[PDB]
Structure formats: structure tokens, C-alpha cells
Amino acid sequence: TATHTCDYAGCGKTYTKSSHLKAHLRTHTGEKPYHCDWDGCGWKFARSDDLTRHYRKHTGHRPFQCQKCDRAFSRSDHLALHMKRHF
DNA sequence: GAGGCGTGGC
DNA sequence: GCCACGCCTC
Ligand SMILES: [Zn+2]
Ligand SMILES: [Zn+2]
Ligand SMILES: [Zn+2]
């Protein structure tokens, strides 16, 4: 019934979900179980979604398509910042 | 562009 | 726990 708060002296951040805290706790430890298998990259991550996002950098996966223009991006926030140039 | 990070619906 | 959205920082 407790709210997920970090119990490391210095921290104290509280999160809404336990999974949020589990990701944060991996910052105190060095745990990054999600590795990038790309040739020569070596990047590792503590959250799965970050590896997915990072991986598009290697695959060229650009799902977010600018409809005024013909430039695409691998991330939603990348495109949103591009539309400002199309105001 | 890319990584760190907080959040929420499922 | 997954996955995606969105913001912050460099
Ligand atoms: Zn902490
Ligand atoms: Zn990689
Ligand atoms: Zn465009």
C-alpha cells in the first residue's frame, strides 16, 4: 500500500508505478540489462523502451512521416519539433 | 540527433 | 512489465 519511493540516502523521488521506481533504482546500481547487439555500438540501457528507440538509429526505422514535407523521423517528438519549421 | 528521464493506458 | 508519449539536456 506504500507509494514507490527510493530508499537510497540522497534520493527520495516518488513514482506513480512500481515499474517507474525499478527503472530509477537501476540508476543507483549500474544495471542495464537491455544490450544493443549492433556491430560496434555497445550501448546498453536500463529500460527496454530506450533500447527500442535507440535501435531505430541503426535500422533507419522512420515511422513518423511529415505530411507537408517528405521527411520522416524515428521518434514522435522529433517530428513535432519539425512541424514548427512548417508553421 | 540522441540520450536521460517522467508519465500513463493497456 | 510493455510500449509509447513528451519534455529536458547536451
Ligand atoms: Zn533514488
Ligand atoms: Zn546500438
Ligand atoms: Zn517536413
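In the text below, chain A, chain B and the rest are named by the order of the sequence lines, each starting its count at 1.
Stem analysis of DNA chain B (Watson-Crick or G-U pairs, both distances under 3.5 Å, runs of at least three) returns B:1-4 with C:7-10, B:6-10 with C:1-5.
Per the geometry, CG belonging to A:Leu51 stands 11 Å off P belonging to C:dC2, to the nearest Å. If you take CZ of A:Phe64 and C1' of B:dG1, they are 15 Å apart, rounded to a whole angstrom. If you measure from atom NE2 of A:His58 to atom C1' of B:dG1, you get 13 Å, rounded to the nearest angstrom.
A side-chain donor-acceptor contact under 3.5 Å links A:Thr5 to the backbone of A:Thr3. Distance alone, capped at 3.5 Å, is enough to place a donor-acceptor pair between the A:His35 side chain and the A:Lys32 backbone.
Within a 6.0 Å sphere centred on CZ of A:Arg62, other residues, nucleotides and ligands contribute 12 heavy atoms or fewer. Counting heavy-atom neighbours within 6.0 Å of A:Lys68 NZ, excluding the residue itself, gives a total above 12.
In this structure, A:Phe45 and A:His54 have tilted ring planes: the angle between them lies in the 30° to 60° band.
Between A:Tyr8 and A:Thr29 the shortest side-chain heavy-atom distance falls below 4.5 Å. You'll find the side chain of A:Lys13 reaches within 4.5 Å of the side chain of A:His24, heavy atoms only. The closest side-chain heavy-atom distance from A:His78 to A:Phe64 is not below 4.5 Å.
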Exercise. What one-letter contact string describes nucleotides 3-10 of chain B from 5' to 3', where B marks a base within less than 4.0 Å of any protein heavy atom, S marks contact via sugar-phosphate atoms alone, and - marks no contact?
Worked result: BBBBBBBB
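Within the 4.0 Å cut-off from OP1 or OP2 of B:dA2, not a single side-chain nitrogen or oxygen of A:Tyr55 is found.
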